[PDB]
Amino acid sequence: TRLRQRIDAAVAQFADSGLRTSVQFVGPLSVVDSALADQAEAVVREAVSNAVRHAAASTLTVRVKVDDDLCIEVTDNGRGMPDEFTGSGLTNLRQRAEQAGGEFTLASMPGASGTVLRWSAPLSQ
């Protein structure tokens, strides 16, 4: 499937050139089947593409962890921009979570002090 490579590529391709990025892989990425890898790649593409430049320098931190399940967590320390992540990209993350029998959360810290997107799905379901 080449999952690790596809995720690094999606980040390089889709992250606004004004953002710093950091991607960590944890656990056996090989354990992910081709259909779920397809989901994982699209999820990272959606999250990263929807990130925008902020008033100050900011980083998107992506963590892709395969352990009991597959867990993709994107942390954005950029502030403000209340419309960031709220549109069709969010529809698509929720739809992909539903297709995969998984879960999606978007959470924004006090006065928009950073945002976390977490998409998870069972490895087998």
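In case it trips you up, residue 1 is the first one in the sequence shown, and so on.
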| item | value |
| --- | --- |
| Per the entry, higher mean C-alpha B factor between 28-36 and 86-94 | 28-36 |
| Residue range whose averaged C-alpha B-factor is higher in the record, 1-9 or 115-123 | 1-9 |
| Top Cα B factor in the deposited entry, candidates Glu41, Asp68, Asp76, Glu73 | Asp68 |
| Top residue by Cα temperature factor, when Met109, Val23, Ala15, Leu106 are compared in the entry | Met109 |
| For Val64, the third of its chain into which the C-alpha B factor falls | middle |
| CA B-factor placement of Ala47, once the chain's modelled residues are sorted into thirds | lowest |
